[PDB]
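1. Can you look at this? It's an experimental structure, sequence on top.
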Number of protein chains: 4
Amino acid sequence: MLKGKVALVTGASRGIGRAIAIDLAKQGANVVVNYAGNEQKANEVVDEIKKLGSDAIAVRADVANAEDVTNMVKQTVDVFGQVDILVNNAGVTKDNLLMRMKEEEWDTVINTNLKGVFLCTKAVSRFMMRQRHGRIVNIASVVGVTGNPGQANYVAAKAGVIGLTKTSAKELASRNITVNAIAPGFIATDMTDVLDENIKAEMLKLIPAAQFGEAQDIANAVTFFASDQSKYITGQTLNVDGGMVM
Amino acid sequence: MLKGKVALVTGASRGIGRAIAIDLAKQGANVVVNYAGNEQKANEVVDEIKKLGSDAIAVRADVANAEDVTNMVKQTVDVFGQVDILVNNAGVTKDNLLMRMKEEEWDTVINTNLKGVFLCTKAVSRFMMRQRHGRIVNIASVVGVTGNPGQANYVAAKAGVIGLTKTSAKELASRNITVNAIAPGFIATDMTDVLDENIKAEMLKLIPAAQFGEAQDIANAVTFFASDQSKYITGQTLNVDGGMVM
Amino acid sequence: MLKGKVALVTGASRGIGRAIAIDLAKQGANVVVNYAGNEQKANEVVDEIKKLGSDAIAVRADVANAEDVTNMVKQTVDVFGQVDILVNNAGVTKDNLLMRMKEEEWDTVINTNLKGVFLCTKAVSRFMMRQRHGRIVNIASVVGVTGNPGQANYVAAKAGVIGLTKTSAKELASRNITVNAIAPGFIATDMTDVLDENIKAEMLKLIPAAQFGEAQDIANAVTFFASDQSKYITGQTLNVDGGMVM
Amino acid sequence: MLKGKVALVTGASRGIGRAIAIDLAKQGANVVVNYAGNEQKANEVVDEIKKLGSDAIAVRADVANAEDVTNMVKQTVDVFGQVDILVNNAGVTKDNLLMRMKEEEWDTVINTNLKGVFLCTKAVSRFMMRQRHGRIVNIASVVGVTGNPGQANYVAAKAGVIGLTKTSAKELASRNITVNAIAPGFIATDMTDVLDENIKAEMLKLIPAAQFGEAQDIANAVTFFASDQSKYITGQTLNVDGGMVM
């Protein structure tokens, strides 16, 4: 219950990122709702956070852009006084068979999903190291652990994030900062995209829970890691996937 | 907030097991405090649980003994009406280098730490499958993941528990029962034998957190798994170890 | 190339164990073909090894029995002068859903598959430690990594073996003994068990190679670990499974 | 035993890459020795390969450069008729603490180590899928599995490679192409610039083998994966590290 904490959530305007922002606010956090493109959705998330008694601002930044990231973190600290929690949820997919995959499809996914984590982690570190506390939680993917045929770029990025999480955990331990990852499986708000009722039905056979997850399942896990009580957990990846990857 | 839940915690009379029993009770559960030996410590845990507004009973059973286990689960259901949560924390250590390790040292550790999980999981399954809900959380050890020179028996047992957790998760998922494991690192309560300060200091070097954990760290993780909100997490092992094993 | 080496292979009378025995002999090893009750078949394996220019003997031992194991190792050293390689392949399955699994089904699988590895590793260590070289390779199963619904006992046993492998690797490393595990997937001779095409075809979809393995696939990997050239590999588990577990 | 095979080895002019090139040639492969910088060392490797009876050419390509890669693969097929084996060994390190690490230090390491694997895999797949056979082996690092304080960029890259390996294994299986990774530990030719006795001694304590590896240890493993006999192994990572990461 995050009272007096401030959280910066990247890619917070919908789905998982939105559910995370809202849940953090519910536990008492002030929230920076980052978005890349659509201001309108981000503003809705801000409105909802204010409704439930917390404070929030919407900030536009490309997490693959060093200057954007620097200004975003700076705004957070300017408006809310500090940064206590970073959740790295920004990321795109550009699926294709390896043989079909364009160099720019590769670059855009790696830069957004992996380099964003690097850039954001780097930018918040100085503030967290100085204050001698912090939480970083990186949203990876179970596909980063097992691989996945359509997604060489995305798998590489998310596997990279899981590794980056461990280096960060190790480097920041001395200043009471924990760094952990959540690896979602197949969550409903990620699959507004995939509507073929056969590709869907097969995916579902892979899950012992026999159902797709919900955005709140990921928020539940993030909030647990963001909390003071989980202080002795660092460098870990928790799969939230209905048993798909064990 | 486990309201109306009933939990059976094996090896609950002290240290980690005790902290688990108390935290579950704190969240509203009625608790069965299992013990093997002297009943005084178990009775203290029961007294504490009643103090904080919940209900509890102390039940003696060797978890390696089929009839003891059967009777224990039966008592739980008889007294409290049902069983909602099982945490398998019973276990002994009998350390020795492999080539000196006695066969009985091996057997006792395997039977207590591994067979106990089997037996207790089997015993509660009927009840949980019928009611169509449940939580099982197994206390393993980070040493099960990495290996450890003094502890062939213990490492084998705990690695086995981690695998058993996955089979259970898979078998029980269709009935809304989740099964997960917590792998503790070096926790202060479980380090009473270790007063050799050169073993301690070199152990401590292995932990990025640069400190030993506390029993409550394990309780917080168990409670998270035992809760309704973690419903989409199954077959997973969470290391609570200050970053020791990543 | 295994010239002048002597190998003890437990459960060597057929399938994977047989293929291992034969391949080791092919590379120049003298082989002890261990069996539990199938002497007919152990003698055939012995005959085949002698045909290809090597030497072998068949030795009955229950690997769960300390007296048998000690007898067996001693016979190896008595007949062939030394023991250079141990492959632990003995093991039974007794499948059942957790809720139905008998205590004796549990015990027999744990004792054969897990305690056998302990007992045999213990028995050979002193010889290997004294001569300051050795290879131990443990045959586990990919099911020990992922879990598997029908097989709580088998999964627990094989997960345990993978952990035991690491402790052994660590304890024996400075006497230039390496200890590694092979985790087979679905191998054809290993599924004389299954003839039912319902479960059989469901298994095949899980394998990217889109076909079951052969006993020789496991032998090829064992022989690689058994060789002098793999000296810098220890405590590892290699999945031989057509890509089923990545 | 690689008779009639042709191998393309990236970063093959020295150390691990060179040992790999030479060992493949030893087993009968014709080899393309790729280099980035000055062509001299690459020419020496080529000379050595010819001495031992095989054929080779040295080819300049930035593995992060799409056109370079495309031309390199095309030259391979033009000169040697086909490509049967790809080993991705190209890669740089640019170490720094996260909060000191430059954006270009990040980029250069990610592009060379991770994007190079993508680009080369893509380029050869074309030819391997058609002929319906191939071997890709990616050289990762054990640091990609555990994390490592000085090396956020390198860890992210190598963790990414391990994931990319799995996607590739899965996509290429239907055309009888296997894709695996070797994760080296601390190998003597990788450590020239670790001059400090203090930093060396501590690294060594982490290795149960109590010694650094040699380039040939990696070549041993690569050759095993490149061979026909390892056909049922795909999507796997093998640590060659003296027991450092179990």
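-> Received it, and whenever you're ready, just let me know what you need. Numbering: from 1, shown residues only, chains lettered A, B, ... in the order given.
2. okay, CA-based contacts and neighbour counts for the rest of this
-> Fine.
3. The helix or strand residue A:225 falls within vs helix B:215-226, what angle?
-> Residue A:225 belongs to helix A:215-226 when elements are defined using DSSP states H and E. When axes from the mean of the first three to the mean of the last three Cα atoms, to 10 degrees is applied, the directions of helix A:215-226 and helix B:215-226 differ by 180 degrees.
4. ok, helix A:215-226 near chain B or not?
-> Yes. Contact of helix A:215-226 with chain B (Cα under 8 Å from any Cα of the partner chain) involves A:217, A:220-221, A:224.
5. what does whichever helix or strand comes after that helix rub up against?
-> For helix A:215-226, the succeeding helix or strand toward the C-terminus, using DSSP H and E, is strand A:237-240. Applying Cα atoms under 8 Å, 6 or more residues apart in numbering or on different chains, the external contacts of strand A:237-240 come out as A:141-142, A:162, A:180-185, A:217-218, A:221, A:245, B:232-234, B:236, B:238.
6. Given strand A:237-240, what are its sheet partners and their directions?
-> Here strand A:237-240 has these sheet partners by DSSP bridges: strand A:177-184 (parallel).
7. just how off-centre is the partner strand within its chain?
-> 9 Å (Cα atoms, centre = their mean, to the nearest Å).
8. For that strand, give me every contacting residue.
-> Counting by Cα under 8 Å, 6+ apart, A:128-129, A:132-142, A:162, A:165-166, A:168-169, A:172, A:218, A:221-222, A:225, A:231, A:233-241 sit against strand A:177-184.
9. can we see that at 7 Å?
-> A:133-142, A:162, A:165, A:168-169, A:218, A:231, A:234-241 (Cα atoms under 7 Å, 6 or more residues apart in numbering or on different chains).
10. hang on, residue A:123 packs against residue A:70?
-> Yes. With contact defined as Cα atoms under 7 Å, residue A:123 counts as touching residue A:70 (6.1 Å).
11. which residues sit in contact with the most centrally placed residue in chain A?
-> Centroid-nearest residue in chain A: residue A:89, 2.2 Å away (criterion: Cα atoms, centre = their mean). When contacts are counted by Cα under 7 Å, 6+ apart, residue A:89 touches A:9-11, A:17, A:138-139.
12. What about chain B: which of the residues you listed touch it?
-> By Cα under 7 Å from any Cα of the partner chain, no member of these lies near chain B.
13. export these to TSV and tack on neighbour count?
-> Output for the contacts of residue A:89, formatted as TSV (neighbours: other Cα atoms under 10 Å in any protein chain shown):
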residue	neighbour count
A:9	25
A:10	30
A:11	27
A:17	27
A:138	26
A:139	28
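14. For chain A, which segments are assigned as helices?
-> With DSSP state H as the criterion, chain A has helices at A:15-26, A:39-51, A:66-80, A:103-110, A:116-131, A:143-146, A:152-172, A:199-205, A:215-226.
15. if you compare those, which one is most tucked away?
-> helix A:152-172 (a mean of 31; mean count of other Cα atoms under 10 Å in any protein chain shown).
16. State whether residue A:157 and residue A:114 are indeed in contact, as I suppose.
-> Yes. Using Cα under 7 Å, residue A:157 is in contact with residue A:114, at 5.2 Å.
17. Distance of the residue nearest to the centre of chain A relative to residue A:14?
-> Residue A:89 is 11 Å from residue A:14, where distance means Cα to Cα, to the nearest Å.
18. so what's in contact with those two at the same time?
-> With Cα under 7 Å, 6+ apart, residue A:89 and residue A:14 have no common neighbours.
19. What residues does chain A have near chain C?
-> By the rule Cα under 7 Å from any Cα, the part of chain A lying against chain C is A:146, A:246.
20. Let's see that with 8 Å instead.
-> Checking chain A against chain C by Cα under 8 Å from any Cα, the hits are A:145-147, A:245-246.
21. Which members of these additionally contact chain B?
-> Within the residues of chain A next to chain C, those near chain B by Cα under 8 Å from any Cα are residue A:246.
22. Can you name the two of the residues of chain A next to chain C that sit furthest apart?
-> The two members of the residues of chain A next to chain C with the most space between them (Cα to Cα) are A:147 and A:246, at 13.8 Å.
23. Which residue of these two possesses the greater neighbour count?
-> residue A:147 (28 against 22; other Cα atoms under 10 Å in any protein chain shown).
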